[PDB]
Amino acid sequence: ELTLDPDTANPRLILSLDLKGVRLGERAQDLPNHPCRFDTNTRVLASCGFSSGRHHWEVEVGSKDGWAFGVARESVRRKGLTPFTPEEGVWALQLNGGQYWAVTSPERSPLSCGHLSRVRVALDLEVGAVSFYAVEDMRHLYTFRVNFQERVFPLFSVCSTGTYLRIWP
């Protein structure tokens, strides 16, 4: 199963003991500089990435604003403030301002999907797609069609206190 990779995580994030859950903490932890660590944006990757095949996981989501999750290409830039956009190699859903969004660019796409509790992510590296479904009825939330050309990692971001993300298999 998937687990969050502590050496990637922004030092303000708090990862649960079982490495399934993430929230934003009160201050930056004193953690080693690592070139793979997101030092400004509030991101963390899973420890496993994928270069072929089809892969599923699920993400339980908080009801309060401040999260985004999906996939990132391995070459996503880790240092300094970087845009949270498909061009930077992030393909994600987000809860911000009480609305759900697919993080398209230059404008995000508001999703009229109703309340979300847990989302299934379906990554298909053979056809080139990442898709998101609300698990209660498997309604389709969004699909990004991408010709992935490198290893792709599950991506999580929490930029506000009071919300969370948690991996499930």
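For clarity, a rigid core is taken as the largest C-alpha set superposing within 1.5 Å between two forms. Counting begins at 1, following the sequence as shown.
Between 25-33 and 65-73, the larger mean CA deviation from the shown form in 8 other deposited structures of this protein, after core superposition, belongs to 25-33. Per-stretch averaging of Cα B factors for 44-52 and 30-38 places 30-38 on top. The PDB entry assigns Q94 a C-alpha temperature factor belonging to the lowest third of its chain's modelled residues. Ranked against the other modelled residues of its chain, the C-alpha B-factor of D65 as given in the entry falls in the middle third. In the deposited entry, the Cα temperature factor of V71 places it in the lowest third of its chain's modelled residues.
When the modelled residues of the chain are ordered by their C-alpha B factor, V121 lands in the lowest third. Sort the modelled residues of the chain by CA B factor and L165 lands in the lowest third.
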